[PDB]
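S.K.: Structure file structure.cif, mmCIF, C-alpha atoms; chains and numbers go by the auth columns, is pasted below:
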data_final
#
loop_
_atom_site.group_PDB
_atom_site.id
_atom_site.type_symbol
_atom_site.label_atom_id
_atom_site.label_comp_id
_atom_site.label_asym_id
_atom_site.label_seq_id
_atom_site.Cartn_x
_atom_site.Cartn_y
_atom_site.Cartn_z
_atom_site.B_iso_or_equiv
_atom_site.auth_seq_id
_atom_site.auth_asym_id
ATOM 1 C CA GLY A 1 -19.116 136.145 23.313 0.00 1 S
ATOM 2 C CA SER A 2 -19.876 139.205 25.428 0.00 2 S
ATOM 3 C CA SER A 3 -20.611 137.587 28.791 0.00 3 S
ATOM 4 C CA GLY A 4 -20.067 134.061 30.076 0.00 4 S
ATOM 5 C CA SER A 5 -21.789 133.724 33.443 0.00 5 S
ATOM 6 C CA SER A 6 -24.652 136.052 34.367 0.00 6 S
ATOM 7 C CA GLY A 7 -26.711 136.030 37.550 0.00 7 S
ATOM 8 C CA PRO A 8 -30.113 137.585 38.327 0.00 8 S
ATOM 9 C CA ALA A 9 -28.691 138.842 41.622 0.00 9 S
ATOM 10 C CA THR A 10 -26.342 141.769 42.244 0.00 10 S
ATOM 11 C CA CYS A 11 -27.364 142.992 38.791 0.00 11 S
ATOM 12 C CA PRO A 12 -29.198 146.087 37.484 0.00 12 S
ATOM 13 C CA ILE A 13 -32.495 146.095 35.590 0.00 13 S
ATOM 14 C CA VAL A 14 -32.427 146.533 31.813 0.00 14 S
ATOM 15 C CA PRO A 15 -35.340 148.295 30.067 0.00 15 S
ATOM 16 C CA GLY A 16 -37.410 146.801 27.264 0.00 16 S
ATOM 17 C CA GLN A 17 -35.934 143.518 28.471 0.00 17 S
ATOM 18 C CA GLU A 18 -37.589 140.856 30.624 0.00 18 S
ATOM 19 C CA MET A 19 -34.904 140.389 33.278 0.00 19 S
ATOM 20 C CA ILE A 20 -35.031 138.153 36.352 0.00 20 S
ATOM 21 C CA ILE A 21 -34.239 139.084 39.952 0.00 21 S
ATOM 22 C CA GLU A 22 -33.514 136.790 42.899 0.00 22 S
ATOM 23 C CA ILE A 23 -34.034 138.001 46.466 0.00 23 S
ATOM 24 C CA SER A 24 -33.265 136.089 49.662 0.00 24 S
ATOM 25 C CA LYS A 25 -35.913 136.189 52.391 0.00 25 S
ATOM 26 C CA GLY A 26 -33.120 135.728 54.913 0.00 26 S
ATOM 27 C CA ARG A 27 -35.301 135.535 58.014 0.00 27 S
ATOM 28 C CA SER A 28 -38.501 137.581 57.795 0.00 28 S
ATOM 29 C CA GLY A 29 -40.831 137.421 54.808 0.00 29 S
ATOM 30 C CA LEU A 30 -40.875 139.941 51.970 0.00 30 S
ATOM 31 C CA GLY A 31 -42.106 143.489 52.493 0.00 31 S
ATOM 32 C CA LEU A 32 -43.848 144.751 49.364 0.00 32 S
ATOM 33 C CA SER A 33 -47.282 145.164 47.782 0.00 33 S
ATOM 34 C CA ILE A 34 -48.916 144.568 44.400 0.00 34 S
ATOM 35 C CA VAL A 35 -51.938 145.867 42.491 0.00 35 S
ATOM 36 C CA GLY A 36 -53.944 144.839 39.444 0.00 36 S
ATOM 37 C CA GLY A 37 -54.180 141.336 38.029 0.00 37 S
ATOM 38 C CA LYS A 38 -57.588 139.995 37.025 0.00 38 S
ATOM 39 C CA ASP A 39 -60.905 141.854 37.085 0.00 39 S
ATOM 40 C CA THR A 40 -58.633 144.904 37.179 0.00 40 S
ATOM 41 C CA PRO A 41 -57.959 147.852 34.834 0.00 41 S
ATOM 42 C CA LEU A 42 -54.438 146.460 34.457 0.00 42 S
ATOM 43 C CA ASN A 43 -53.600 142.934 33.302 0.00 43 S
ATOM 44 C CA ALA A 44 -50.060 143.548 34.549 0.00 44 S
ATOM 45 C CA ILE A 45 -48.960 143.101 38.162 0.00 45 S
ATOM 46 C CA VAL A 46 -47.598 146.394 39.490 0.00 46 S
ATOM 47 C CA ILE A 47 -45.698 147.120 42.702 0.00 47 S
ATOM 48 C CA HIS A 48 -47.656 149.767 44.609 0.00 48 S
ATOM 49 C CA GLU A 49 -45.155 150.065 47.461 0.00 49 S
ATOM 50 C CA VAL A 50 -42.069 148.219 48.699 0.00 50 S
ATOM 51 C CA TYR A 51 -41.902 148.311 52.497 0.00 51 S
ATOM 52 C CA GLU A 52 -38.272 149.091 53.321 0.00 52 S
ATOM 53 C CA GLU A 53 -38.775 146.793 56.310 0.00 53 S
ATOM 54 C CA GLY A 54 -38.671 143.679 54.149 0.00 54 S
ATOM 55 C CA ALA A 55 -36.348 141.346 52.261 0.00 55 S
ATOM 56 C CA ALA A 56 -37.354 142.806 48.896 0.00 56 S
ATOM 57 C CA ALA A 57 -36.019 146.156 50.105 0.00 57 S
ATOM 58 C CA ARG A 58 -32.933 144.624 51.715 0.00 58 S
ATOM 59 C CA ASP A 59 -31.808 144.105 48.118 0.00 59 S
ATOM 60 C CA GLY A 60 -32.868 147.306 46.384 0.00 60 S
ATOM 61 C CA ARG A 61 -33.611 145.736 43.009 0.00 61 S
ATOM 62 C CA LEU A 62 -37.398 146.094 42.925 0.00 62 S
ATOM 63 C CA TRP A 63 -38.512 149.723 42.707 0.00 63 S
ATOM 64 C CA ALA A 64 -42.070 150.958 43.237 0.00 64 S
ATOM 65 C CA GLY A 65 -43.810 151.235 39.880 0.00 65 S
ATOM 66 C CA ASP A 66 -42.461 148.052 38.314 0.00 66 S
ATOM 67 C CA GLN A 67 -44.418 145.526 36.251 0.00 67 S
ATOM 68 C CA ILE A 68 -44.048 141.833 37.078 0.00 68 S
ATOM 69 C CA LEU A 69 -44.749 139.089 34.538 0.00 69 S
ATOM 70 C CA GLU A 70 -43.920 135.933 36.492 0.00 70 S
ATOM 71 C CA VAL A 71 -42.905 134.727 39.955 0.00 71 S
ATOM 72 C CA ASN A 72 -41.251 131.567 41.272 0.00 72 S
ATOM 73 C CA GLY A 73 -42.072 130.103 37.872 0.00 73 S
ATOM 74 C CA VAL A 74 -45.738 131.085 37.942 0.00 74 S
ATOM 75 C CA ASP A 75 -47.354 133.268 35.280 0.00 75 S
ATOM 76 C CA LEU A 76 -48.959 136.343 36.841 0.00 76 S
ATOM 77 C CA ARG A 77 -49.950 138.278 33.721 0.00 77 S
ATOM 78 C CA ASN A 78 -53.144 136.233 34.023 0.00 78 S
ATOM 79 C CA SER A 79 -53.270 135.260 37.698 0.00 79 S
ATOM 80 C CA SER A 80 -55.845 137.200 39.717 0.00 80 S
ATOM 81 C CA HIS A 81 -54.931 139.925 42.209 0.00 81 S
ATOM 82 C CA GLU A 82 -55.165 137.498 45.129 0.00 82 S
ATOM 83 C CA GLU A 83 -53.438 134.712 43.199 0.00 83 S
ATOM 84 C CA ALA A 84 -50.447 136.996 42.647 0.00 84 S
ATOM 85 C CA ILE A 85 -50.359 137.563 46.406 0.00 85 S
ATOM 86 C CA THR A 86 -50.197 133.896 47.401 0.00 86 S
ATOM 87 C CA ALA A 87 -47.626 133.246 44.675 0.00 87 S
ATOM 88 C CA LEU A 88 -45.389 135.592 46.667 0.00 88 S
ATOM 89 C CA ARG A 89 -46.028 133.931 50.029 0.00 89 S
ATOM 90 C CA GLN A 90 -45.583 130.470 48.512 0.00 90 S
ATOM 91 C CA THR A 91 -41.973 131.185 47.551 0.00 91 S
ATOM 92 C CA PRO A 92 -38.962 129.674 49.366 0.00 92 S
ATOM 93 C CA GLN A 93 -35.963 131.534 50.785 0.00 93 S
ATOM 94 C CA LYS A 94 -34.850 132.384 47.248 0.00 94 S
ATOM 95 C CA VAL A 95 -37.651 134.382 45.625 0.00 95 S
ATOM 96 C CA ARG A 96 -37.180 134.856 41.882 0.00 96 S
ATOM 97 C CA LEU A 97 -39.323 137.066 39.646 0.00 97 S
ATOM 98 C CA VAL A 98 -39.275 138.617 36.173 0.00 98 S
ATOM 99 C CA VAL A 99 -39.584 142.401 35.964 0.00 99 S
ATOM 100 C CA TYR A 100 -40.007 144.584 32.879 0.00 100 S
ATOM 101 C CA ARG A 101 -39.306 148.277 32.300 0.00 101 S
ATOM 102 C CA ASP A 102 -39.702 150.777 29.460 0.00 102 S
ATOM 103 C CA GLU A 103 -36.923 152.546 27.558 0.00 103 S
ATOM 104 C CA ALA A 104 -38.758 155.822 26.955 0.00 104 S
ATOM 105 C CA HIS A 105 -40.513 158.740 28.652 0.00 105 S
ATOM 106 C CA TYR A 106 -37.679 159.168 31.151 0.00 106 S
ATOM 107 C CA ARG A 107 -39.507 161.585 33.447 0.00 107 S
ATOM 108 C CA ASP A 108 -36.759 164.183 33.865 0.00 108 S
ATOM 109 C CA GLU A 109 -39.054 166.500 35.824 0.00 109 S
ATOM 110 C CA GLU A 110 -40.106 164.448 38.850 0.00 110 S
ATOM 111 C CA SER A 111 -39.848 166.402 42.104 0.00 111 S
ATOM 112 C CA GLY A 112 -42.490 167.366 44.647 0.00 112 S
ATOM 113 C CA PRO A 113 -42.646 170.350 47.025 0.00 113 S
ATOM 114 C CA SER A 114 -40.281 168.457 49.325 0.00 114 S
ATOM 115 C CA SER A 115 -42.127 170.183 52.167 0.00 115 S
ATOM 116 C CA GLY A 116 -41.570 169.372 55.829 0.00 116 S
#
Hey, can you dump this file as structure tokens for me?

M.R.:
Amino acid sequence: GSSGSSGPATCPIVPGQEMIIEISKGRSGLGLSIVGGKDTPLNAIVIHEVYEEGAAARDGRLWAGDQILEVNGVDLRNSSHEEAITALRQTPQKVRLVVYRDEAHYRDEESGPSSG
């Protein structure tokens, strides 16, 4: 065997692999946003922005531009935009979700004018 015990927490995200991530709400609720769902041009829940002033950020596992497939044991690939929202507010202290990434097109040239 390669690994015996593996946890969704304190662990990186593997590409082309549906991995799970567990985040503790601690005190205040999560601080992120989603986009897509049903009646949308994308049948895959995407994270528009992840407010750094939230539990989700307190971890640093979910990065803006990710694609969720399920949450707290609730399929989202079908759930409507709103549905996906409630599914996030209906989660206990330990919020678990399944994220998926791609193993190609590693944008090596991603840098703005960094103006100020």

S.K.: Please provide as an MDAnalysis selection string all residues within 6 Å of segment 62-71 of chain S, with the sequence filter that same-chain residues fewer than 6 positions apart are discarded (counting all atoms listed in the file).

M.R.: chainID S and resid 45:49 77 97:100

S.K.: Can you build me a table of segment 39-113 of chain S residues sitting at most 7 Å from segment 23-35 of chain S, with the closest atom pair per residue and its distance in Å to one decimal, using only C-alpha atoms, sorted by chain and residue number, as a Markdown table?

M.R.:
| residue | atom | partner | partner_atom | distance |
| --- | --- | --- | --- | --- |
| S:45 | CA | S:35 | CA | 5.9 |
| S:46 | CA | S:35 | CA | 5.3 |
| S:47 | CA | S:34 | CA | 4.4 |
| S:48 | CA | S:34 | CA | 5.4 |
| S:49 | CA | S:33 | CA | 5.4 |
| S:50 | CA | S:32 | CA | 4.0 |
| S:51 | CA | S:31 | CA | 4.8 |
| S:52 | CA | S:31 | CA | 6.8 |
| S:53 | CA | S:31 | CA | 6.0 |
| S:54 | CA | S:31 | CA | 3.8 |
| S:55 | CA | S:30 | CA | 4.7 |
| S:56 | CA | S:30 | CA | 5.5 |
| S:59 | CA | S:23 | CA | 6.7 |
| S:81 | CA | S:35 | CA | 6.7 |
| S:93 | CA | S:25 | CA | 4.9 |
| S:94 | CA | S:24 | CA | 4.7 |
| S:95 | CA | S:23 | CA | 5.2 |
| S:96 | CA | S:23 | CA | 6.4 |

S.K.: Selected residues, C-alpha atoms, written as a short mmCIF file (atom, residue, chain, number, x, y, z; two decimals), keeping the file's coordinate frame, please.

M.R.:
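Output (result.cif):
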data_model
loop_
_atom_site.label_atom_id
_atom_site.label_comp_id
_atom_site.auth_asym_id
_atom_site.auth_seq_id
_atom_site.Cartn_x
_atom_site.Cartn_y
_atom_site.Cartn_z
CA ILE S 45 -48.96 143.10 38.16
CA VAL S 46 -47.60 146.39 39.49
CA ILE S 47 -45.70 147.12 42.70
CA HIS S 48 -47.66 149.77 44.61
CA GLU S 49 -45.16 150.06 47.46
CA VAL S 50 -42.07 148.22 48.70
CA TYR S 51 -41.90 148.31 52.50
CA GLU S 52 -38.27 149.09 53.32
CA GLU S 53 -38.78 146.79 56.31
CA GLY S 54 -38.67 143.68 54.15
CA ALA S 55 -36.35 141.35 52.26
CA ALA S 56 -37.35 142.81 48.90
CA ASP S 59 -31.81 144.10 48.12
CA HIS S 81 -54.93 139.93 42.21
CA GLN S 93 -35.96 131.53 50.78
CA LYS S 94 -34.85 132.38 47.25
CA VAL S 95 -37.65 134.38 45.62
CA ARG S 96 -37.18 134.86 41.88
#

S.K.: Rank nothing, just name the residue among S:104, S:5, S:89, S:61 nearest to residue 21 of chain S, using only C-alpha atoms.

M.R.: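 Among the listed residues, S:61 lies closest to residue 21 of chain S.
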
S.K.: Work out how far apart atom CA of residue 41 of chain S and atom CA of residue 78 of chain S are and give it in Å to one decimal.

M.R.: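 If I compute the distance from atom CA of residue 41 of chain S to atom CA of residue 78 of chain S, I get 12.6 Å.
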
S.K.: If you measure from atom CA of residue 6 of chain S to atom CA of residue 88 of chain S, what distance in Å do you get, rounded to one decimal?

M.R.: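 Interatomic distance, atom CA of residue 6 of chain S to atom CA of residue 88 of chain S: 24.1 Å.
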